[PDB]
Each structure stands twice: as structure tokens, then as C-alpha cells.
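This report refers to the structure that appears directly beneath it.
Cβ placement follows ideal geometry from the backbone for every residue including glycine, while neighbour counts extend to all protein chains displayed. What follows draws every value from the coordinates through simple rules; no lab data is involved.
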Amino acid sequence: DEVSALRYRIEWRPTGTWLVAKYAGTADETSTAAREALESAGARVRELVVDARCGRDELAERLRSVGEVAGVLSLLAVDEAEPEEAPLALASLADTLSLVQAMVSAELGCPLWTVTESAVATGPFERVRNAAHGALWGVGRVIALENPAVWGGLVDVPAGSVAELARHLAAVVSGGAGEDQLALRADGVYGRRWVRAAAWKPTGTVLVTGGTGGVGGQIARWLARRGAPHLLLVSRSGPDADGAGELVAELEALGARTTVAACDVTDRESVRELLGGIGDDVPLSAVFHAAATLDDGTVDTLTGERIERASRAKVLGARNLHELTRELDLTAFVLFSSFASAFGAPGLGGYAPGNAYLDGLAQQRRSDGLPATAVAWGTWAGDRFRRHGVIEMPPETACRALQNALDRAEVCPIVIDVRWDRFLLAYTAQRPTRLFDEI
Amino acid sequence: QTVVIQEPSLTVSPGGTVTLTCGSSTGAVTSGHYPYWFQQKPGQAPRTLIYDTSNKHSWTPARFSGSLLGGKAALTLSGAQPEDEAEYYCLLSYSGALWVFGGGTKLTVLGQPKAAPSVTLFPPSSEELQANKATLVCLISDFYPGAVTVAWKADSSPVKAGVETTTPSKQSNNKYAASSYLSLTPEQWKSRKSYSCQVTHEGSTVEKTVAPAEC
Amino acid sequence: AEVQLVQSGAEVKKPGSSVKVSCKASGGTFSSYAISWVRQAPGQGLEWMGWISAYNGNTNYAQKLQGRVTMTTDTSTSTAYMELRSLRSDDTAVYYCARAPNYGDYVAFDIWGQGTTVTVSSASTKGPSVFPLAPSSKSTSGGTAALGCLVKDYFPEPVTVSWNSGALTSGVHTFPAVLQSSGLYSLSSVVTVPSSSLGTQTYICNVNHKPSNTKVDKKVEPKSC
């Protein structure tokens with residue numbers, strides 16, 4: 001009935017001159033294993049070593065030398081750390097983007113394959129190693145649709161195993177399957193898949209970030225009409241937000257003793273002193289991390305630097321609110337992802353990376369034994385997208401759909417009204433996909 | 001409604017270090033507020049010295065530096081030069097794609113010695129005493145501190161009456177000029193023993209007086 | 001970086017009319033960026049007006065403006081427009097466009113226009129009345145005396161004062177104009193001269209306000225006291 005039709009999920013169903021883009025002193029083991037498997041199907045391997053945060057202009061000129069090239073594999077995201085900093089700094093994100101941009105500049109007309117190490121986890125037995133490499137998958141999905149010519153696809157591999165590469169890769173790069181989102185494992189090879197889904201109550205205080213703005217504003221007043229005791233709405237503007245006055249009044253009406261606080265979810269301190277400010281009498285029971293990112297444009301120009309900087313509220317807010325609730329017993333920890341991480345549409349390159357992180361963090365939370373929820377939203381309330389298949393969901397329709405998603409206590413539920421007839425043809429117009437097969 | 005406060009004006013000597021701050025009424029300025037720092041020499045458009053709390057552009061001089069100092073944003077000028085005399089604006093990011101500027105700091109760099117204003121007071125012309133007389137003309141010239149306060153007296157203290165004072169303007173000198181004009185009705189002009197123009201620069205007052213009677 | 005922004009030339013308007021300022025963005029890709037606009041009243045601070053998206057034509061406006069401001073982009077001409085309706089006097093300001101440099105953020109202020117001065121006034125473009133500022137009878141002093149003329153109540157701002165048809169330059173200082181409550185300008189030109197000369201050597205101020213094509217010569221003489 002109504003909601004069921006717009007509820008989906010990711011599964012992983014089983015189905016089956018080159019350059020190697022690699023960092024100096026990184027992947028070595030996986031680069032030699034890649035080279036062996038590649039020439040074993042008749043193709044000269046030559047290494048393309050990359051500098052940390054490469055200038056696309058200098059890389060363009062190093063590709064205008066090597067001569068005719070039939071393809072290029074990337075081990076940038078292989079054997080990588082995350083030096084105790086911002087999750088979407090990740091050199092390999094900044095450099096996949098400046099690599100792709102530079103190939104297109106150097107006019108190779110050959111595609112690019114990015115491999116990642118346990119970025120995906122094919123069902124709830126495997127773990128997500130580093131949620132950031134998920135960003136590679138998001139952005140990579142929206143590069144496909146903006147420039148088919150240059151994007152081969154993504155291929156996830158167990159943390160530190162060259163073995164799965166060695167047999168399959170030959171196939172994956174030349175295979176006529178039309179699989180571009182693959183996961184290699186010991187128990188065979190798996191493909192990324194979109195499928196439809198099968199058929200809670202708030203307590204103490206429940207905190208919502210973005211709570212003074214729209215979306216968070218609807219979550220705030222949904223949470224009250226669903227009978228919440230106490231609501232802590234936070235945002236950079238807090239009480240000084242336009243209509244924050246008429247908001248508390250509107251849901252103080254609906255039996256909710258709510259408070260509106262200024263807070264920079266990006267700053268470890270600003271939230272610590274927000275969490276230490278909730279009365280002992282009314283403890284913190286659930287969070288709804290709805291803080292937004294706003295970065296439009298195309299993958300033409302978009303850089304790792306722009307993504308990282310424009311996504312902090314959503315991303316650092318997640319990593320902060322996770323960090324500072326890990327040792328507290330709370331009901332729901334609800335991250336707001338979107339259809340940009342789910343399938344990814346032209347001009348959502350600025351949104352995909354951030355929501356990919358949120359997707360990964362929930363997975364690796366319920367993995368570690370914590371109550372996470374990574375809702376991949378479609379469009380919401382008040383022309384170019386209404387035509388291309390995706391149509392707006394009313395606030396209440398979306399919220400009620402969340403109500404069940406928590407009842408089930410699913411980790412990564414997709415929630416989106418999609419008129420499929422137009423959407424498929426609009427999504428495949430320029431590049432064939434095998435993702436929506438099972439509908 | 002968020003208000004962003006900077007020091008209205010600050011003075012530094014060449015070689016000195018000076019530190020400007022940018023607070024907000026709504027709370028702690030913090031790096032999710034994406035603080036910018038802008039420089040506006042007179043007559044020109046803003047140049048941007050700092051973005052993202054602490055990041056410099058290639059054109060930003062080394063001697064400028066952005067920071068968070070206990071709840072405000074801070075720009076720090078180290079070994080100031082005459083060429084840094086400018087207005088500096090901070091800009092903060094809030095809420096629903098809102099941005100709010102600070103009021104500005106007028107940073108003065110002292111490039112010569114203090115110089116008191118010359119003041120010339122003209123009475124109404126006998127020919128301007130046409131329909132309505134008016135216009136006492138106070139001319140203010142040569143004063144290194146490009147800032148003065150003007151106060152008209154009529155034995156007592158008029159101010160209310162049409163006083164219109166110019167902003168300061170740089171001369172060939174590199175000192176500053178300004179003008180003030182007192183508007184009266186000619187009976188008002190004739191009705192007093194004297195009128196006085198009182199320019200005060202850097203604490204000390206210069207003054208001229210005209211008397212509607214004798215030359 | 002090497003993105004520039006060049007704005008429309010200066011505009012003068014009467015209350016109740018409109019102004020459409022342009023910001024053309026040469027020197028880099030235009031499409032993946034928001035142009036933001038800011039104004040500044042004479043000798044006051046930068047105030048944020050809003051931003052238009054060059055990517056999807058979205059707009060966020062400063063509340064105090066909403067219903068009076070419209071921001072648009074012409075992907076064709078690679079320019080952004082800002083349009084302000086039903087102007088009143090306090091809308092006088094220099095208007096600036098700003099965006100990111102060449103691989104920078106969506107909503108950014110790294111690069112600035114040169115500004116467009118927009119003046120709104122009840123105007124009525126009048127010619128100045130010039131009066132003499134007779135020199136003092138007072139002491140020989142240090143040998144000088146100041147005389148001048150007062151150029152009262154003219155509109156369009158440019159006015160020009162020479163002395164002795166340009167022959168006299170030593171010791172002329174002419175003061176930037178004051179802008180009155182009436183929307184009109186007065187200014188003064190003064191000359192310091194030797195007091196031994198007063199009543200042998202003549203002084204005529206030639207004031208020229210070309211926006212009214214009004215050329216007036218004023219003989220400024222000593223007093224008869």
C-alpha cells in the first residue's frame with residue numbers, strides 16, 4: 001500500500017597498452033599481481049605512478065606522451081590509510097577525479113577501472129573497511145552517466161588479497177557482461193543490484209541536525225506528531241534561524257517540549273558541549289543527522305578539495321555524532337543519504353561522495369553492534385528531474401516510510417517514488433546499465 | 001537575526017603586528033562558518049586574503065594570517081606596511097545558504113607624524129545674503145590622522161541647525177582635507193554676536209569664529 | 001584564478017524605477033558555480049544580497065530584498081544579471097558580483113567584480129549658484145590671506161573650478177563636494193594669496209558644470225569695511 005511501492009535496497013547477486021595508475025611505494029604487491037593477470041590476456045603493462053594530490057594539467061601532458069593506450073586500471077584506493085583527519089580528504093578521491101579529467105584532456109578514448117579494498121561488503125557477514133572509499137563508488141557512478149567514454153567501472157576486493165584479482169580481472173575489463181559495479185570474493189564474483197523490499201516510538205530527548213531548516217523542519221514536526229517527549233533542534237543559526245520562533249510554537253502545540261540550539265556539527269567541541277548540555281532528567285535517545293550539503297555542477301570541474309569542503313556538516317557531523325554516542329545506549333542513529341549515492345544522476349557529483357560515507361558508516365556501525373540507519377532519500381517538498389523519472393514525495397509520505405524502515409531496523413533502505421518507464425530510458429539514454437535488471 | 005561584530009577601527013605602526021577579530025551574536029564562530037577575510041583599499045573592490053578560516057590565496061601577502069582565537073575569527077597582520085592601510089571585512093556562512101558580513105575594521109597604518117588641521121571660516125557673502133543667507137563655510141586642510149570631528153557653536157551650541165560635514169579626502173600632501181557647512185536664515189545670522197567652527201583632531205580642537213557685525 | 005568578472009557601467013536612477021546590473025565571467029568555465037552579489041552604501045559596509053546558480057538557475061535572496069530583487073544567468077553570454085525593482089534613495093550603493101576561481105567552491109567569494117555605482121535620487125539636474133568668499137581685512141598675518149568662492153546647489157556630481165582662467169594654480173585647494181539632504185551638492189574652492197596683492201591683482205573663479213552646460217565667472221573682491 002502506497003509506501004511499499006517506493007521502498008528498495010541494494011543486494012549483491014552472483015554474476016560474472018594498459019596503464020596501472022598507482023602511488024609510489026603503495027599497492028606494489030597488488031600492482032605486480034594486476035600486471036601478471038593483464039599481459040596473460042595479451043596487453044603490454046606499463047606503470048603510471050602518481051604524485052599525492054596531482055595537478056591535472058601536468059598529468060594531462062604525461063598522458064600526451066605514452067602513445068596509443070587501450071585502457072587504465074587504478075590502485076590509488078588500494079593499500080591506503082586515512083591519517084586521522086577529514087574522511088573525504090582521501091588522496092585517491094581527489095586523484096581519481098583529476099585522473100579522469102586528465103585522460104579526457106589527453107583524449108585517450110580508453111576507459112578507467114578503479115579497484116577498492118573491502119569498501120562494499122557483499123551482505124552483513126563482511127565489514128566495510130574504510131567508509132571513505134565508498135565516495136569513489138558514488139562519484140564513479142555519476143562519472144559514468146556524465147562521460148561514458150572514460151568510465152569502465154568499479155571492482156571491490158577483500159582488504160589485502162591479490163588472489164581474486166589474478167583470475168577474474170582479465171574477464172572484468174573485456175567481458176561483454178555490462179557489469180560496471182563488481183565485487184570479487186573467495187566464494188565467486190558478485191554484481192551490485194537494485195531490488196524492491198519486503199514488508200519504534202521516540203524517548204527521552206531526540207536530536208535533529210538541520211532541524212531549523214527544511215527536511216529537518218519536517219523531521220522535527222513529524223517526530224512531534226508521532227508523540228516525542230523532548231526535541232533538541234540544532235543548526236549553525238539555531239534560534240536566530242528564520243521562523244525558528246513559529247516552529248517551536250507549532251510543535252510545542254503537539255506535546256513536545258522542544259529547544260533550538262546553535263551548533264556547528266563539524267566541530268568536535270561544539271557538539272561535545274551540546275551533548276553535555278542535555279538534562280540528566282531527559283537523556284539522549286535518538287539522533288536524525290539531516291544537515292545538508294549544497295554543491296551543484298558537473299564532474300568536468302569538481303575536485304576532491306571542493307567535495308571535502310562542501311560536505312563537512314553532513315560528513316564530519318556523522319563522524320562526530322557517531323564518535324560521541326558510541327558508548328551511549330540510544331534507540332535510532334538516523335543518517336540522511338540520497339539517490340545520488342544509490343544510483344547517481346548527472347549533476348549530483350557534489351552530493352554522491354558525502355552520502356556514500358553515510359551509507360558506509362551505518363553498515364560498519366550495525367557491523368560493530370550499534371543502531372544505525374542510512375536512508376537514501378529521493379526528492380521531497382517545496383521540472384528537469386520530474387521529467388527524467390524521479391518525482392517528489394510529500395513530507396508525511398516520506399516520514400511514514402521512515403517509520404517502518406526503523407520498525408524493520410534495516411541498515412540502508414532506499415525510499416523514492418520512481419516512475420520506472422521514463423527513468424530507465426533516461427538513465428540508459430547514453431550508457432547501458434545492468435543494475436536495474438531485477439525489477 | 002545573527003549580527004557579526006568587528007572592531008570599527010584600529011591603528012598599527014609600520015613593523016607592528018595588529019590582530020582583528022570577527023565575533024557573532026548567535027555563538028562561537030567556528031570553521032563550519034567558513035570565515036573569509038577581505039581587504040578594501042579606498043576606491044577599490046574587495047580583494048580576498050583568507051578563505052576557510054585559515055587558507056591563503058597566492059596573492060595574499062605572507063604577513064597576513066587567519067585563525068580562530070577563542071570563539072571569534074582573527075586576522076593577524078605581522079610587520080604591517082603602509083600599503084596595508086585598508087578596511088577589512090569578515091564573512092560567515094549560516095543556515096539556509098545565508099551569509100552575513102561584519103561591519104568592517106578601518107585599519108590605519110601611521111605613515112607620517114600627527115599634523116593638526118588648518119581651519120578657514122568664511123561668513124555668508126553679502127551677495128549670498130540674497131533670499132535666505134545661510135552657508136557658513138568651514139574648510140579643513142592638512143592633517144595626517146584622516147579623521148576629525150566638527151562642532152558648530154553660536155555663542156551657545158547649534159548642531160541641530162543644518163550642519164553638513166564632508167568625509168575626509170586625501171590631498172596631494174598625503175594629508176587630509178574636509179569641509180563643513182552651517183545653513184541659517186539671514187535673521188538667524190544677524191541675531192548672534194558670533195558663530196564658531198570647532199574642528200577636533202586626535203583630542204585637540206582648532207577653532208575659528210566670525211561675527212555678523214565687523215569684517 | 002584567471003577568471004575575471006566585468007560589470008555594467010555606472011547607472012543613475014529616480015525613485016520607483018529599476019536597475020539591471022550585469023556580471024560577465026571571462027577567463028574560465030562558467031557552468032558549475034553560483035555568482036553571489038553584495039552592495040555597499042557610500043562609506044558603509046559590504047552587505048550580502050544573494051546568489052544565482054549558473055548550473056540550475058536556483059536563487060537564495062537576502063530577506064530584506066525578497067520581492068524586489070531578481071538574479072538571472074545567460075549561459076550563452078556567460079554573464080549573471082542582478083535586477084532591483086521599485087528603487088528608493090537608500091538603494092544608492094556600489095553593487096559587486098563574486099564567485100570562485102577556476103576549480104573552486106560552488107557558493108564562493110574568492111574573485112570580485114570591479115563594482116557598479118548605482119545612484120538613485122530625486123535629481124532635477126540643476127546648475128550651481130556661485131558666491132564669492134571675500135578675503136579677511138584681518139592682520140597681514142604671515143603675509144597671506146584666503147579668498148575663494150562657494151559653488152552651491154548643483155546636481156550631476158562633476159563640477160570644475162579654475163582661477164584666473166587657469167593662470168593661478170599656486171595655493172588653490174578646491175574641496176570635494178558635500179551632498180545635502182536635498183539630493184544637491186555644494187563645494188568651495190579657496191586660494192591662499194599674498195595680502196599685499198589684495199586690491200592690485202584680480203581673482204576670478206571660473207566654475208564649469210558641463211552637465212547643465214553652465215560656465216560662470218565670479219570676481220571675488222575685498223570687502224568695503
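Need the C-alpha centroid separation for segment B:65-136 versus segment A:365-439, integer Å.
54
What shape does segment A:183-227 have by the C-alpha gyration tensor, where a ≥ b ≥ c are the square roots of the eigenvalues, rounded means a/c under 1.5, and otherwise prolate means a/b greater than b/c and oblate the rest?
Values: a/c = 3.09, a/b = 2.65, b/c = 1.16.
Cα axes put segment A:183-227 in the prolate bin.
Could you check the spin-label model distance between residue B:11 and residue A:52? Points 7 Å from the Cα along Cα→Cβ, value in nm.
Simple spin-label model gives 4.8 nm for this pair.
Rounded, prolate or oblate: which one fits segment A:363-439, using the alpha carbon gyration tensor with axes a ≥ b ≥ c (rounded when a/c is under 1.5, else prolate when a/b beats b/c, else oblate)?
Working: a/c = 2.86, a/b = 1.50, b/c = 1.90.
Oblate is the answer for segment A:363-439, as a/c is 1.5 or above yet b/c matches or exceeds a/b.
Could you work out the relative contact order of chain C, using alpha carbon pairs under 8 angstrom and six or more residues apart, expressed as a whole percent? Provide the component values of the computation, followed by the final result.
On the way: 541 pairs, mean separation 41.4, N = 225.
Computed value for chain C: 18 percent relative contact order.
Using a/c under 1.5 as the rounded threshold, could you call segment B:4-109 rounded, prolate or oblate? The axes a ≥ b ≥ c are square roots of the C-alpha gyration tensor eigenvalues, and prolate needs a/b larger than b/c, oblate otherwise. Please report the intermediate quantities before stating the final value.
Values: a/c = 1.65, a/b = 1.61, b/c = 1.03.
Verdict is prolate for segment B:4-109.
If we count other beta carbons within 10 Å of each Cβ, what is the order of A:248, C:172, fewest first?
Details: A:248 20, C:172 17.
If I rank by nearby Cβ atoms, fewest first, I get C:172, A:248.
Can you tally the net charge around residue A:357? Count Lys and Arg as +1, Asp and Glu as -1, for every other residue whose Cβ sits under 13 Å from the Cβ of residue A:357. Walk me through the numbers on the way to the answer.
Values: positive: A:312, A:314, A:319, A:365; negative: A:82, A:308, A:359.
After counting each charged neighbour, the total is +1.
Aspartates and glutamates within cross-link reach of residue B:56: Cα-Cα under 12 Å, excluding same-chain residues under 8 positions apart?
Leaving aside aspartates and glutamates fewer than 8 places away in the same chain, those within reach of residue B:56 are C:110.
Return the average number of partner chain Cβ atoms within 10 angstrom of each residue Cβ along peptide A:234-247. Write out the running numbers ahead of the final one.
Values: counts 0, 4, 14, 9, 5, 2, 11, 7, 5, 0, 1, 0, 0, 0.
For this peptide, the per-residue mean of nearby foreign Cβ atoms is 4.
Sort B:120-128, A:400-408 by the packing proxy (mean of other Cβ within 10 Å over each peptide's residues), most packed first. Write down the numbers at each step before the final one.
Values: B:120-128: 20.4, A:400-408: 17.1.
Packing order, densest peptide first, comes out as B:120-128, A:400-408.
Can you spot the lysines whose alpha carbon is less than 19 Å from residue C:215's alpha carbon? Ignore those fewer than 8 places along the same chain.
C:126, C:152
Just tell me which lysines come within less than 28 Å, Cα to Cα, of residue A:201; anything on the same chain fewer than 8 places away is out.
Cα-Cα hits under 28 Å: A:314.
What is the fewest-to-most order of B:41, B:160 by other Cβ atoms lying within 10 Å of their Cβ?
Values: B:41 13, B:160 7.
Least to most surrounded, the residues fall as B:160, B:41.
Of the listed pairs B:41/C:210; B:72/B:106; B:133/C:13; C:138/C:218, which have alpha-carbon separations greater than 20 Å here? Working shown, then result.
Details: B:41/C:210 30 Å; B:72/B:106 18 Å; B:133/C:13 32 Å; C:138/C:218 23 Å.
Flagged as over cut-off: B:41/C:210; B:133/C:13; C:138/C:218.
Can you tell me which of C:129-139, A:118-128 comes out highest on packing, and rank the rest after it, using the mean Cβ neighbours within 10 Å?
Ranking the peptides C:129-139, A:118-128 by packing returns C:129-139, A:118-128.
Residue A:200 to residue C:12: FRET efficiency via 1/(1 + (r/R0)^6), r the Cβ-Cβ distance, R0 60 Å, to the nearest 0.05? Present the calculation step by step, with values, prior to reporting the outcome.
Details: r = 63 Å, r/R0 = 1.06.
With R0 = 60 Å, the Cβ-Cβ based efficiency is 0.40.
What is the order of A:110, C:225, C:97, B:215, fewest Cβ neighbours within 10 Å to most? Intermediate values should be presented prior to the final figure.
Values: A:110 17, C:225 8, C:97 33, B:215 14.
Sorted ascending by nearby Cβ count, the order is C:225, B:215, A:110, C:97.
How do the peptides A:350-362, A:332-344 rank, highest first, by the average count of neighbouring beta carbon atoms within 10 Å per residue? Don't jump to the answer; show the numbers that get you there.
Values: A:350-362: 28.8, A:332-344: 25.2.
Ranked from most to least packed, the peptides come out as A:350-362, A:332-344.
Per-residue mean of other chain beta-carbon atoms within 10 angstrom of the beta-carbon, peptide A:301-309?
4
Per-residue mean of other chain beta-carbon atoms within 10 angstrom of the beta-carbon, peptide B:117-130? Don't skip to the answer; put the middle values down first.
Numbers: counts 0, 3, 0, 9, 2, 13, 4, 3, 10, 5, 7, 7, 1, 2.
Partner-chain Cβ atoms within 10 Å, mean over residues of B:117-130: 5.
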